[PDB]
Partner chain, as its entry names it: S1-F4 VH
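What follows is a single chain, given as structure tokens, in the form deposited without the partner chain.
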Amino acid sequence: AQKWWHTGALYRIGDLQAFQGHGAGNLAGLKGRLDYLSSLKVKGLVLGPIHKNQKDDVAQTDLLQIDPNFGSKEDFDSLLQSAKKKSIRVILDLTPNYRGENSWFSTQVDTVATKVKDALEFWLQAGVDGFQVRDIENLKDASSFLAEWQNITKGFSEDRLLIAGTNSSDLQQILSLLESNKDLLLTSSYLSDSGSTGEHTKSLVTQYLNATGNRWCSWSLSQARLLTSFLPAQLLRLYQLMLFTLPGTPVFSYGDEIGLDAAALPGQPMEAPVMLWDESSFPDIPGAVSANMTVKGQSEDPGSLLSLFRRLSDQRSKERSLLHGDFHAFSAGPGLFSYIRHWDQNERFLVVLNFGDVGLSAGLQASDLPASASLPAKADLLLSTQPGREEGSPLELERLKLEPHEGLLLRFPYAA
């Protein structure tokens, strides 16, 4: 088989109460939204933290005890049972001081690291499929601890994950964390540089793959915050296509599927903005929310961001070329970022991303590829970020017009 986090996207649910809002707001309530997460084809949701934590006090913090606000232990057990019946894995966040500004209390670790050791051993027997920990740059001897905890996690089963998260975007600071245990997923702000861009992004990704020996890894804009925090509205489709087709596991926060924005909801945290299911989800200020900002409204419109997300995620899970990590990038025009995805004699995929505000001709040439480059004269358009095109019918790779901010996803058989 394939280990489970390779087969789909990860969905981060930081605040249980903002995610479902009124009525539910529980572990028992989260149970009712599983069929929805299935419609996003997420193979693992990143849950919590949900443990007891008195703001900035080590003694008054216990990772083995759930906070009554979120429910009970039987609610959690009940949640795991249903989730496994629906092929949905659950990753628990154990960031200790998640109510204070320093997530690891201070540079005095000793007592804090011991607590984390016991929690892993405890919650794996309760049946969780992995763990997350954030703000590692504030942890003394970070790489040493991530090595040990990774070994406990993999020891239980090889089909168990550890995710670590940093706010840093420096490449050398990121690699030094990875020099510890190379099978460890690391989310970061490495990609976060919108507005002024060009083909800066193309290099960033190939440089990272270059340095890491092309090992399996994660793709995100941050450890916890939304896409809208970093990107302008009219770049969300482009980045969504990219994250869903780059070699590795893509990681989103709840709300990225509908383009959820912390601003535009006056007086609300950038961490835990309320999820928008329909018109009644935001009562505080009535008219501020509209139908096209909601799940309900975007479920109707085929042109919506939610529609793009669901279709991209369906490909990412079903198709084998996007499930394994075989990837090659073109040397096209100065705005573009194009690449090929393939595995054995399965169906091949071609991506083309225009980052500028100007129309382009995609002159994607053989230019630096393997012997398995041999592109056809024609490939079928599966999907475009902009409505208008004839989806399903063949285009021509030499003569290829790209409108500002457009993204194309093209399919073709192994034998050209």
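Positions refer to the first chain, counted from 1. Shifts are known only where both forms have a C-alpha. So that the term is clear: the rigid core is the largest set of C-alpha atoms that superpose within 1.5 Å between two forms.
> What about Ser194, left without coordinates in a third or more of the other entries of this protein that model its neighbours?
Looking at the other entries that model residues on either side of it, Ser194 is missing from at least a third.
Just so it is clear, the following notes concern the form solved in complex with the partner chain, a form of the same protein that is not shown.
> Which is the contacting stretch out of 237 to 245, 124 to 132, 284 to 292, 332 to 340, given heavy atoms within 4.5 Å of the partner chain in the deposited complex?
Answer to the contact question: 284 to 292.
> Whether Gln268 contacts the partner chain in the deposited complex should be assessed with a 4.5 Å heavy atom distance threshold; does it?
Yes.
> Classify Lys401 as contacting or not contacting the partner chain in the deposited complex by the rule of any non-hydrogen atom within 4.5 angstroms, answering yes or no.
Residue-level check for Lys401: no, no contact with the partner chain.
> After superposing on the rigid core, which residue out of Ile13, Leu397, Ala24, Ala18 has its C-alpha displaced by 2 Å or more between this form and the one not shown?
Flagged residue: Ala24.
> For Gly213, does the CA position differ by 2 Å or more between this form and the one not shown when the superposition is done on the rigid core?
For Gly213, whose C-alpha is compared between this form and the one not shown after core superposition, the shift is less than 2 Å.
> Would the C-alpha of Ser196 be classed as shifted by 2 Å or more between this form and the one not shown after rigid-core alignment?
Yes.
> Fitted on the core, where are the consecutive stretches (at least 3 residues) whose C-alpha atoms all shift 2 Å or more between this form and the one not shown?
Shifted segments: 22 to 24, 195 to 198.
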